Every structure is written in structure tokens, then in C-alpha cells.
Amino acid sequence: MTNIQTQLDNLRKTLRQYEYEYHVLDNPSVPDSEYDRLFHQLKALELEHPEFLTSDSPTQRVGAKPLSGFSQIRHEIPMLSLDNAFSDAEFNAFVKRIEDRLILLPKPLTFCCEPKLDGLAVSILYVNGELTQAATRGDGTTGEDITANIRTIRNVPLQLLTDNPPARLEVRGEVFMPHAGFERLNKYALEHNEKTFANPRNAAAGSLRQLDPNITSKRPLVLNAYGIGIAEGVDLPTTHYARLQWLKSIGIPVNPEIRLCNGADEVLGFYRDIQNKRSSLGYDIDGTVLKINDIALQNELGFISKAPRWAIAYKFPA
């Protein structure tokens, strides 16, 4: 044991906890200045004693070197797409269909309802709690390695906040740029004669395809996690909402507008509530994602491969 190893370990733990309070809980226990005081003390100490510098320390989010290009990543589990609806009657038809298709329809049928963010879909792998790899969705099968860019995102933890992290955990979600950051970036680009962005979605996509993480780091990007891919060495909750609460409890940012709704009429109330809230959120949303909350019912329902909306195979019973 040495005093400087202990000071480093204490500063790192303290800083990860404050980043959690600030970014995930939206309830910081100390002022921004106090966080910075400790951050730059950690940074100086690590540079004065480099033998003790760690790759997942809060000070190591930004690579000092711009990349030459992006490698490809074939996802182990494919990143699927989402069906869509444009009316209450259409949503009601989707529910009526699940009601008939299920062996046993429960009373109530609970949905996990979320706002649909307007950003870039990503997959982030944590190995024994440490962020090791991140990829874009791409076509759902293969994407680009954006690990160095994802590491710059302030609300993305480099280490999971648990003493018993899973062996492997892949977090799925959306990277977006809130309104305030987007307006600041466009003002800056105008004041320093550069390319302005038409909308927050374009600003987030453009920021994530930067080969220099030093540029990505200056872009006000945020992650909201909405799912899990690989999950080894853990018993994941049996409802979708509980899995999201579990990600939030181990350091991963999740949207605070997510609710449970029993039946189609409550879900439509959520849709309407979120639709009126649109003007006050501070980031863009295209709609709402409504998911069957029970994982066993999701597994029973399964998925539909790339197919027409204009055809169906009415199969005969045995």
C-alpha cells in the first residue's frame, strides 16, 4: 500500500459517484466546482505518478490521437428494428392482435412506455464492469467501432457502478444531442465560420462519425439506454421496466419519462401526456415506444423477419 495509490483510488470512486449523481440521478450532492477541484487533482496526481494511471479512470475519456479510420463490428446478437403506428385505431389493432395471438391473455396487459428519442442507435459492451467496446447499429448485423467516441460521452460510465458487475453486459440505447447543446453548437459554428447542423439528429450522427475523439468530446452528446444485448453472469429482471431500473441502479443513464401502463386506454393517455410534454422536454422525440412489459410474453410473441405489411400467411391449426 502507498498513500498515492489510496489517494487515486479514493478520488476515482468519489468522482464516479458524483458523475452518477449528476448525470443519472440529476441530483448532484456537490457543486460543479467541487467536482472539478477533485477532477484536476486526480489528473495532476496521475501525471506526477504515471505507473498508477488506469485506462478507465475518469480523466481518460479522450484519446490524444485522431484515428485513421473506423473498423467494422459484427454484432453477436442482431440489433432489431421497430414496427410503427400513426393512429389510435392502428395502435388498438396492434394490441387486439397480441390479445388474440397470446395463449393466455393476462388481466391486465402491462406495457412499458417510453419516449422515442431522435438520435443514433448504439451498442456498448462492458466486460467485468469495464467499458471495452462500442458500436453503431449500422444495418442491425454489422456496424462501426465508435469506442473512442462513446468514451467521450459524459453520462456514459467507463466502469459500471457495482461491486459485482456481470461477466459481460451489452447496453443498447440512443445517443442524442439536447436542444441547449444543439443551439450552442450552431452558434459556435456560425461564430467560427463552420458547418451548421439542420437538426439535433444530424448533429449527433455527425459528431459520432468524427475520427478525432477530441472533437466528439466538445459535442454535447447524451446516452439514454433502452435495452440489453449480451448479458452473461447475471439473472436479468423478468420485466422490461425492472431491467431498465437495474441498469439505472448500476450507473447507466435511462430516460426519466418511462412509465408502466395497464391496457390500451392508459397507454394512449401516456402517448397524449408525452405529446403535450414535447414542447418542454429539451430534446427531440418522434413518438413513444410501447413494449409488452413481461419478458415471457415478449419471448412467446417473438419477432417478425423482414416482411411485407401487405401480406399474411393464415396458417391452419393442427
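Basically, rigid core = biggest C-alpha set you can superpose within 1.5 Å across the two forms. Residue indices: 1-based, along the sequence shown.
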query: Greatest C-alpha divergence in 6 other deposited structures of this protein once each structure is fitted on the rigid core, 240 to 248 or 187 to 195; finding: 187 to 195
query: Given 52 to 60 and 275 to 283, the range whose Cα B-factors average higher in the PDB entry; finding: 275 to 283
query: 220 to 228 versus 93 to 101 - greater average Cα B-factor per the deposited record; finding: 93 to 101
query: Candidate set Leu190, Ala203, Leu131, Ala180 [ranked by C-alpha B-factor, highest]; finding: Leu190
query: Maximum C-alpha temperature factor, selected from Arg154, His75, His240, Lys248; finding: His75
query: Relative C-alpha B-factor of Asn186, binned into the chain's lowest, middle or highest third; finding: highest
query: Relative C-alpha B-factor of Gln41, binned into the chain's lowest, middle or highest third; finding: lowest
query: Modelled-residue ranking by C-alpha temperature factor, third containing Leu211; finding: highest
query: Chain-wide C-alpha B factor ranking for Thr141, given as lowest, middle or highest third; finding: highest
query: CA B-factor placement of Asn27, once the chain's modelled residues are sorted into thirds; finding: lowest
